Amino acid sequence: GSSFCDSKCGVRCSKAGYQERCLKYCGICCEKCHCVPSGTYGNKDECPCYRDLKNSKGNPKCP
């Protein structure tokens, strides 16, 4: 992503301790989705694109 989403995901991750990797992933998940919710869980409302994100175990491929 760019600096435009840097603020979107930047929020999604901050108190993760390793957001460094989050911002990385989210950044991509933000590139595929093209949108990201503002907040740490419970904000998906804005963009559930992150909530729908599910893997084989239905888990969020992203952080």
ask   = For the chain, modelled as a GNM with alpha-carbon contacts under 10 angstrom, which of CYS35, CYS26, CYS47 fluctuates the most?
value = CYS47
Shape box of the chain [Cα atoms, principal axes, largest first, Å] = 29, 23, 20
inquiry  = Give the residue list of GluC sites (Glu not before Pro) in the chain that are DSSP loop and have at most 16 other beta-carbon atoms within 10 angstrom.
reply    = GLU46
key: 17 Å cut-off, amide nitrogen to a point 7 angstrom out along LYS32 Cα→Cβ, residues in segment 1-18   = 1-2, 9
query = Relative contact order for the chain using alpha-carbon pairs under 8 Å, separation at least 6, rounded to a whole percent?
reply = 30 percent
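I need the chymotrypsin sites (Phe, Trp or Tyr not before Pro) found in the chain, filtered to DSSP loop residues with at most 15 other beta carbons within 10 Å of theirs.
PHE4, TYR18, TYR41
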message = Rounded to the nearest 20 debye, what is the charge dipole size of the chain about its Cα centre when +1 sits on each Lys and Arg Cβ and -1 on each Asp and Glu Cβ?
response = 260 debye
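Could you list the trypsin sites (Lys or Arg not before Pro) in segment 1-58 that lie in coil according to DSSP, counting only those with at most 12 other Cβ atoms within 10 Å of their Cβ? Working shown, then result.
Values: sites: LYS8, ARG12, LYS15, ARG21, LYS24, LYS32, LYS44, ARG51, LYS54, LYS57; in loops: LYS8, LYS15, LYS44, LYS54, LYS57.
Qualifying residues, ordered by number: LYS15, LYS54, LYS57.
A quick note on method: Cβ atoms are made from the backbone with ideal geometry, for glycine too, and the neighbour counts reach across all protein chains shown. Only the coordinates and a few stated rules stand behind these numbers; no lab work does.
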